[PDB]
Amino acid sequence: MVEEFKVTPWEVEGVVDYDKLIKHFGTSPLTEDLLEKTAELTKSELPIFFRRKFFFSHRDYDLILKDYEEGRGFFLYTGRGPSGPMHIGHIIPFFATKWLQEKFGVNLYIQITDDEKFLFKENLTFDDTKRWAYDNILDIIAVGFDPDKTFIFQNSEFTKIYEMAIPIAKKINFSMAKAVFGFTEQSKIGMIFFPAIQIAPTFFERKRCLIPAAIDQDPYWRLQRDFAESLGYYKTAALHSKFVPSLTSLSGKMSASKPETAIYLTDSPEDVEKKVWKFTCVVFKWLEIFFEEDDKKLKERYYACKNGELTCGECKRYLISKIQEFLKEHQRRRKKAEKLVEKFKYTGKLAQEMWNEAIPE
């Protein structure tokens, strides 16, 4: 409908209207019955972010469920751009991907775009982008995925994605690249080629693909669906989440560009405290999105704050408690993840199959 905010795979500016964005991008709203269809098919309760509609939009999700119950299955694909340390917003797609692999028992491909973040950022060198890649793996593997149904790879290392991208790189016209991603005459040739690389993992299997991500990554999936059939694959399915807002603002997105308003997965308990205490509804947004896994306590405390039974200080003390408990658990797992990197990258069942794409010798 209206134009005053920006949502690209690299920028999110201004107050985001998710209802308009659903039409701007042409994505289907994740209906109430589609959520209940998953609950009855997996025979379990949906996680916090699904039932509270943090994931608001979808593409061919009804097709994914139809494929599963008819026994032809599917596979999961999500990714991460290692431009620096990860925050709470970056990890939610992976938690959604964890639950989906858990309940449906499907393969998972995780793309670490260390090539992208070198190409798209001037400050960063290719060397330190590979550094953050490893650091980011640790956080991702700390979520807990099936060691035999998951493949985590870097584009610079598992360079087979280049060969996997060439088909679509011949399909994607350059005029339409500039149109979808806003490339200009001043973009780098590596920048212009990259969309082929991010689309490539959808062709890991002949089965249909599901991509749990935030709405900002959608432009890639539109182009995929434009040429999927002519390349002999299914039009990729997607589940789109909203954005985790920053502390001070509601007119943007939690970004590492503003470290003061972002809680990193690697943040200390003192860092959490200092960031929340220091300023001044955002407080309950985070609890609704990720941190309070109880609906009754969420509902009761919100109205206890809205009407004024709870003081502001006691209210954000409760936020700190929740995000401190999660970070303590995550950082503990990070240390345990260090000795599982080889499994998810090389040694594991899926990882071994994929790496057996090196010429027989």
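Sequential numbering from 1, following the sequence displayed.
The entry models residue 186 and residue 187 with no unmodelled deposited residue separating them.
Higher average CA B factor: 258-266, of the stretches 162-170 and 258-266.
Between 296-304 and 317-325, it is 296-304 that carries the larger average Cα temperature factor according to the deposited entry. The PDB entry assigns its highest CA temperature factor, among 112, 124, 281, 213, to 281. Comparing the listed residues 290, 194, 181, 118, the entry records the largest Cα B-factor for 290. The PDB entry assigns residue 130 a C-alpha temperature factor belonging to the lowest third of its chain's modelled residues. Per the PDB record, residue ranking by Cα B-factor puts residue 225 in the lowest third of the chain. Per the PDB record, residue ranking by Cα B-factor puts residue 80 in the lowest third of the chain.
Per the PDB record, residue ranking by Cα B-factor puts residue 285 in the highest third of the chain.
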